[PDB]
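The chain below stands alone, shown as structure tokens; this is the form deposited without the DNA.
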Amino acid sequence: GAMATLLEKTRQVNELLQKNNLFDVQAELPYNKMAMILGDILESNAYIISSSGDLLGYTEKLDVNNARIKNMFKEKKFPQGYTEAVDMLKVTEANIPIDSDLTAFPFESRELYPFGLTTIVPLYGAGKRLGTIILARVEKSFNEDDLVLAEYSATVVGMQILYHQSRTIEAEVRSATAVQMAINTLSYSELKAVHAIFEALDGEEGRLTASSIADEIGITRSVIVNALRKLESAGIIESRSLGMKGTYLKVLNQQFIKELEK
């Protein structure tokens, strides 16, 4: 039955994607396996795009009988602006024809697959946009059965993404709060000093002559140094004394500069 068929597919999705962790560390794309499962169950080509527009994984059915080794290693790339455009879609769009710029088919293929259809499914979970799932079928349309399964699949993918994010979050906030406290522990004296330090110390890593720079900024010569010992003891940079040459520094938290240029 249509409903029994749909149900069994949702069960297959559950067994394969809800009851397993599918983040492939060291894969070409971390979610290629997840995309493959989705494309199989949904009988589609499938692409998983992060909330920032990065392709996280995809599956395209290979034409085995006509395969050519030269063509098999080509990386799928979406046209300039496609990932930003899909992000503007806030609800599912189904059966997008190939003449739309939202088609998942390369634009060269518009002639080859005039009836190719694309369905774009925003991934929302817990109020957040988590990315987007894109499905493409050369021949069949997406019916209402397919849309339910697609929406079901998006939530399962959303959970995988939310779970992967959770494993990172502890180390992320530890570093952000550290940057924030180090920024707070600064005066105008040391801060505009720090600003110029990263300016001269271009590349994030390089040598520095704190004394010389002091003149460049019109800041007291002890004040310049106070920012240094604060940041390094706070744990954001590394230093070794070069003697007359100066002191050589190393940026250890790269999100710092983003917070200071804000």
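Start at 1 with the first residue shown and count on from there.
Taking the mean C-alpha B-factor of each stretch as recorded, 76 to 84 and 180 to 188 are not equal, and the higher mean is that of 180 to 188. Per the PDB record, of the two stretches 108 to 116 and 146 to 154, 108 to 116 carries the greater mean B-factor over its C-alpha atoms. Of the candidates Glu60, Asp63, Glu204, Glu43, it is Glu204 whose Cα B-factor is highest according to the PDB record. The PDB entry assigns the greatest CA B-factor among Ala214, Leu56, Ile69, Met34 to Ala214.
Sort the modelled residues of the chain by CA B factor and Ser52 lands in the middle third. Ranked within its chain, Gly235 lands in the highest third, by CA B factor from the PDB record. Split the chain's modelled residues into thirds by C-alpha temperature factor. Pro30 is in the middle one.
Here the subject shifts to the form solved in complex with the DNA, a form of this protein not shown in this document.
Residues of just one listed stretch (202 to 210, 65 to 73, 32 to 40, 52 to 60) have heavy atoms within 4.5 Å of the DNA in the deposited bound form: 202 to 210. Exactly one listed residue, out of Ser109, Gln180, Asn95, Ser189, brings a non-hydrogen atom to within 4.5 Å of the DNA in the deposited bound form: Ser189. Among heavy atoms of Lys245, some come within 4.5 Å of the DNA in the deposited bound form. A residue is said to contact a partner when one of its heavy atoms sits within 4.5 Å of a partner heavy atom; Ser233 fails this definition for the DNA in the deposited bound form, lying far away. Residue contact check for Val225: one or more of its heavy atoms lie within 4.5 Å of the DNA in the deposited bound form. The closest non-hydrogen atom of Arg221 lies within 4.5 Å of the DNA in the deposited bound form.
For the stretch 103 to 121, the set of residues having any non-hydrogen atom within 4.5 angstroms of the DNA in the deposited bound form is empty.
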